[PDB]
Each structure stands twice: as C-alpha cells, then as structure tokens.
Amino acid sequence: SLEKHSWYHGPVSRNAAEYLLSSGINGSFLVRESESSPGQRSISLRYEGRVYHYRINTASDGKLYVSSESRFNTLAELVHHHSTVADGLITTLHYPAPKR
C-alpha cells in the first residue's frame, strides 16, 4: 500500500531518480527502494537545479529517519513531516515526481 502514495516510486536506481527529477522544480522529490537490496529506501530531492539523495535509516527500535532528531513509526509520517519542515534536508518535500 506504499505504492498508493503519489511520492512512492518503488524500485528505482539513484541515477534513474535523477532522470525522473529532471523535469522538477525546487522541492520535487520521490521515495525509492533499492534495486539491489530489498527494503532499503532513499529520498531523492531536487533543489536549485541539483538532485540530493538521502538514506532512510532504520533505528535499532525500528523507527525510520532521514535526520536523527526526527524519527517516525511509518514512512508516510516521515514524508508528511518533511513536507512541512526540512529538518536536515536541503529543502522540504513538496512536489511528488510524476511516475514514468
């Protein structure tokens, strides 16, 4: 049911994510899963004409985070939070990349 989020693109490489963000603006982003390692996810985010990539970390107690101070029970909660405040990211997560 992750796939039902507009921002969740499933398995996508780092370089393919950059292609999917070529058409983006500041705050264009997507969440991707590794094509090599199941369950390992990243956020790719466009800002000032450059793409930045952030590992989604899993803490020892299962919480998810991109920034250590801000940990979440679910990936959707993490994305909703960082859509409002950058909190370690270079900018906020505002515009889900169209899926291709």
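If you superpose the two forms and keep the largest set of C-alpha atoms that fall within 1.5 Å, you have the rigid core. Residues carry their position along the shown sequence, with the first being 1.
Chemist: Once everything is fitted on the core, do the CA positions of 37-45 or those of 63-71 lie farther from the shown form in 5 other deposited structures of this protein?
Modeler: Taking the RMS over all superposed structures in 5 other deposited structures of this protein, 37-45 lies farther out.
Chemist: Quick one: higher average CA temperature factor, 69-77 or 23-31?
Modeler: Per the deposited B-factors, the answer is 69-77.
Chemist: Which has higher Cα B-factors on average according to the PDB entry: 4-12 or 90-98?
Modeler: Per the PDB entry, the higher value belongs to 4-12.
Chemist: For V51, return the chain-relative third of its C-alpha B-factor as stated in the PDB record: lowest, middle or highest.
Modeler: It falls in the middle third of the chain.
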